[PDB]
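One chain is shown next in structure tokens, namely the form deposited in one PDB entry.
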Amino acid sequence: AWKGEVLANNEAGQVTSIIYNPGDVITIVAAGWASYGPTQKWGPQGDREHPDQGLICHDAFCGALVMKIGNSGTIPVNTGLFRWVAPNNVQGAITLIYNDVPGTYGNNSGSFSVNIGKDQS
């Protein structure tokens, strides 16, 4: 199991200890308050009211938690994922990333606290 913080201002992402492999079932729970700039903060679902202007993930609100698995595109994580299996051919190290516009990360603040573990399979 892995546990740590994912900083909203961490553009490159927060590498984890978790290597997702074919057939794996995983659960993720994410918690906390972050911002992409505005003083207000949002949870790991991000800001539902916020237009998308080149977000690193277009399948999640600006300011949501997303991930990458190995070489995959971005994948929404949001509040977490319960007993979850990746699409085909998706595998490798999980990297957790705060969803904002490339280059805009520097005014960001707050972080999420995230747990990830493998489930029975």
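The first residue of the shown sequence is 1; numbering continues from there.
Although it is not shown, the form deposited with a small molecule bound is what the next lines describe.
- For the chain shown alone, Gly43 is not a contact residue for the small molecule in the entry with it bound, no non-hydrogen atom being within 4.5 angstroms.
- Taking the partner from the other structure, the small molecule in the entry with it bound has a heavy atom within 4.5 Å of a heavy atom of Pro76.
- Remark: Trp84 counts among the residues lining the small molecule in the entry with it bound, judged by a heavy atom distance of 4.5 Å or less.
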